[PDB]
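Before any questions on binding or motion, here is one chain by itself as structure tokens, the form deposited in one PDB entry.
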């Protein structure tokens, strides 16, 4: 009667395996897999850029000045030109004239229309454009509004245009643009507001098409008077949700954005916050709500937004996405123009040699030979691996039983 005593054994041994590794299933371990390669074909990213100057001086009208003057620090509360003005002679003669409101009747004013009309024009700024040896044009850039005003995005992959690809590493297969930033068109800076800049140049952001730009926070600089090489590597990160990980379980709860991204989450919060506090949304914000007026910008929106990003850590909680596309970047610089090319460029664009030196830049954004890296969280222990692992010690005791049945 020890045939049952050995039956207690195969019952004992089994469950005392079967618990253990089946506890290990519930630790929910993840392993993170890495691979770094060159892709036969690689999807070129979206390239968004902004001029550091918000409004072209030549495009600012009397009505514009009247509404938006204080905001840009060209006027005081008195609708007058402050004595603090740093302006040279000729620009004041122009501005004083522009600023003369005697028998002037104000027309309606829209912040968006202002940005749109007076913002720098890709058609003026873009001297040359190539992608992969195909010539490209201003119509290859989609307009996108940012905190910087009117900005442009190359290969935005929206409005049903397909995303551009590249099969080869190096400058020749990437994007090369030449720009004139038009300092002569820069608004004079007589004071410090969120709408003013000490700097000349552009801001750029390289991002996946599924991720909107936050170009003031996450962008990078490109200076005039240089050719700037940006050598990239695309890195694709995948995360697991709970139980295995932290990443967003329910993705894109907004109708604002087709996909979930941290930037998307932030713009949502920024928008809501500005709507609650100011009753309006800024020009670059999504949604359905009145665009803030210049005064709203100044007395409510600018302050509320500044406060929200820098000071406030309570209001916006953004969970990490399950999918992130990062671009490694290497920047380098050579001078433009050379003494030898200066006159040729001056002649060609009908500008002074010095103007070229201040206003002209060339930007090359391309991929290095190994363009593609993946870092992916995978489940280390799953049930099926579990089935196979604990399958043996049961596959005995069941048949051990199957003999001894009565």
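Between two forms, the rigid core is defined as the largest C-alpha subset superposing within 1.5 Å. Numbering follows the first chain given and starts at 1. Shifts are known only where both forms have a C-alpha.
What comes next is about the form deposited in another entry, which does not appear here.
Participant: Pick from 255, 199, 330, 139: whose Cα moves by 2 Å or more between the shown form and the other one, rigid core superposed?
Facilitator: Meeting the 2 Å or more criterion is only 255.
Participant: So with the core overlaid, does the Cα of residue 381 end up 2 Å or more away between the shown form and the other one?
Facilitator: Comparing the forms between the shown form and the other one, which are aligned on their rigid core, residue 381 does shift its C-alpha by 2 Å or more.
Participant: Checking residue 28 here: with the core superposed, does its CA move 2 Å or more between the shown form and the other one?
Facilitator: Yes, its C-alpha moves 2 Å or more.
Participant: Fit the two forms on the core and write out the ranges of at least 3 consecutive residues whose every CA moves by 2 Å or more between the shown form and the other one.
Facilitator: Runs shifting 2 Å or more: 1 to 31, 249 to 255, 378 to 406.
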